[PDB]
Amino acid sequence: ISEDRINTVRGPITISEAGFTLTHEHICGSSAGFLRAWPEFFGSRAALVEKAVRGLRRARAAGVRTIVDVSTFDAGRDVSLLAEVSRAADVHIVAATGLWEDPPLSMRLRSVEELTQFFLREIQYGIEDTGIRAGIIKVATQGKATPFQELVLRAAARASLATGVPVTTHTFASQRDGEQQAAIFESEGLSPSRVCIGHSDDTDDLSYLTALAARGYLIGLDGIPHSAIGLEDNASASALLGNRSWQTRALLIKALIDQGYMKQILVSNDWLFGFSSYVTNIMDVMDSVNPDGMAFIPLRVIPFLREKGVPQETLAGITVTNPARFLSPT
Amino acid sequence: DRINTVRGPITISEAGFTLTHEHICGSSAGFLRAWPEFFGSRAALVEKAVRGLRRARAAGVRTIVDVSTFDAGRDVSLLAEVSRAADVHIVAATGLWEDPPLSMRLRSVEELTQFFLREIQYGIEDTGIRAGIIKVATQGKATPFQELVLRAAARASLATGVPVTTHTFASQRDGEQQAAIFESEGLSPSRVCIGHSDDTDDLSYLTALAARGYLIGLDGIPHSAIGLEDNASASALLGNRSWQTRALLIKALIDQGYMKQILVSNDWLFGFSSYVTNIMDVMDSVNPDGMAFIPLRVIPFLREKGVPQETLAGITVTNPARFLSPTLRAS
Ligand SMILES: C[C@@H]1C[C@@H](O)OC(C)(C)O1
Ligand SMILES: [Zn+2]
Ligand SMILES: [Zn+2]
Ligand SMILES: [Zn+2]
Ligand SMILES: [Zn+2]
């Protein structure tokens, strides 16, 4: 004698309970404190809850059982909101720590050691006074890392090594940010199998993606429905969503399957039910081109890949097996 | 007639000796709640703030204006707790300071006006506490977004009657552009305090604004890194001008006839996360009196320089009362 679980906003769950998992989503993309200070920007807090519950229930009916909400502190993560909508839609939600693209002064001024302590607090102790523990660490670059972003990448690697929770990233994929992120992570001793290089469907450079995957990284093809096709007269929507079709993004899933990387693909929508960190109309514009919301992956992408010949066992591997392996702490 | 505080409305007469530019905790939105251990704990910050407010109260202070905005990490529930425990009135602020997040930076002048009106007319967050002042900031020539903030502040002030108070880079004469923008919106100068005005020695700049009816915020009197020359971060923040140099600007404005335009404060805090990690400890070593520095140090200094007590009472009691009392709403 003397010689299994993932944290969600409702508490620990076993691996088997996660099921079909969307690995990069947002209940509400905002800013720290903003939902509490100005809920009327979203109509009301109650209206945002109702919208998220409706959308999550639709995703659940399409087969989704878990989402990973990769909103950080500076993306306005409100874990109490996540917990309310998770409960009322009966969909598990994994919450995130880390930092995204808009850290305030009180974060931007901190050392790598301080950031490590903050990420560890959110994983090991809880987020705010809620007792809800993060189950993933989110980081971001937008091209070459700023000095602070390098600190965040290192603190994320250290927090991952101390807890076993994985790291997921925002990239400027066309600037191959995953390469710099990988270099910094490996300089900290982090295993590539603990890292998802996200927004990787924003590029068509397959050689960039297969080289990362041949190093063991997971590849996040996570913005499949993001497209401004049909919105060409809308500059702000076009700038955010791009002019590449959802089908072009979905073809990358098949391409990576065909190149042997099915065990390293993670798929998602990068959808939201509220969105205050961009132009005012953006949520309504996005909803007008993708009414399916987070159900877009199961309702549209799965049939598209099935028509292309991808067998169901491969699709189950990508949507069930891969997220469970990634999220289970090492 | 009544001034909104974190404990509800108070009569103008209850405000008493008022410090018009202070902070319980200078932070970032959501930060105190997400990482209270940065301050030791929330409980430690409460105890420190209550002790510091009691020290100010024993020295005669009865009200402070906490000019922390949303993006400076204002936690009005913290303000209410410490105000009640220390029995010092606290007026809370709306507006935006120097660190707005994307969800604010992307907003139009109309949207910002709505947000400021929400915090004044409805309440801050879900607390029911209404803001009694609007805080805005520039650090040099205004950015396009800062111009929107100045205009929204003017519009919210005209609609509600609550005054406007500003952060300036005083040595770059920011108050002149702020005044121009406020006046283009029809805002009365007597409802505007041009803050951090003690950061400059240019009396011609200060007296010209005062002559136009602007209030002059000499609000950082104890900020000095004299003796801390080997500390670059403290030197950059606090400057190398003495508290006596800053205090003598109060006398200079009095001597030139502008007593009625003066407001005085410490610009102190009990927690501070938006700068380098040890700053609050360093500031506390410089000024253990905290917010009591104005009454315990500046008043006796000016008294012995010949400023009558009744003049100092007018500056610390009557001037803030006139500033904070809301004007009639437009229409
Ligand atoms: C809050 C999220 C972050 C990242 O996923 O980008 C989008 C535009 C989807 O907003
Ligand atoms: Zn992203
Ligand atoms: Zn995202
Ligand atoms: Zn200031
Ligand atoms: Zn201040």
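Numbering starts at 1 and runs along the chain as it is shown here.
Just so you know, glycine gets a Cβ as well, placed from its N, Cα and C.
Mapped onto three states, the DSSP output places B:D267 (Zn(2+) 1 binding site) in coil. The annotation Zn(2+) 1 binding site is assigned in Swiss-Prot to B:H21, B:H23, B:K135, B:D267 on the grounds of experimental evidence.
The Zn(2+) 2 binding site annotation in Swiss-Prot covers B:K135, B:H167, B:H196. Of all Cβ atoms in the protein chains displayed, 25 besides its own lie within 10 Å of the Cβ of B:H167 (Zn(2+) 2 binding site).
Sequence-distant neighbours of B:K135 (Zn(2+) 1 binding site): residues of the same chain at least 6 apart with a C-beta under 8 Å from its C-beta are B:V67, B:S68, B:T69, B:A93, B:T94, B:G95, B:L96, B:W97, B:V164, B:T165, B:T166, B:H167. DSSP gives B:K135 (Zn(2+) 1 binding site) a strand state. If you look up Swiss-Prot, you'll see B:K135 marked as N6-carboxylysine.
Here B:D267 (Zn(2+) 1 binding site) comes close to B:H21, B:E22, B:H23, B:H196, B:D219, B:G220, B:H223: these same-chain residues lie at least six apart in sequence, with C-beta atoms under 8 angstroms from its C-beta. Counting every protein chain shown, the number of other Cβ atoms lying within 10 Å of the Cβ of B:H23 (Zn(2+) 1 binding site) is 25. Of all Cβ atoms in the shown protein chains, 23 besides its own fall within 10 Å of the Cβ of B:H196 (Zn(2+) 2 binding site). There are 27 other CB atoms within 10 A of the CB of B:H21 (Zn(2+) 1 binding site), with all protein chains counted. Summary of the Zn(2+) 2 site environment: with the site residues B:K135, B:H167, B:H196 set aside, the chain residues having Cβ atoms within 8 Å of the Cβ mean position are B:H21, B:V67, B:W97, B:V136, B:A137, B:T165, B:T166, B:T168, B:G195, B:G217. The secondary structure of B:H196 (Zn(2+) 2 binding site), as reduced to three states from DSSP, is coil rather than helix or strand.
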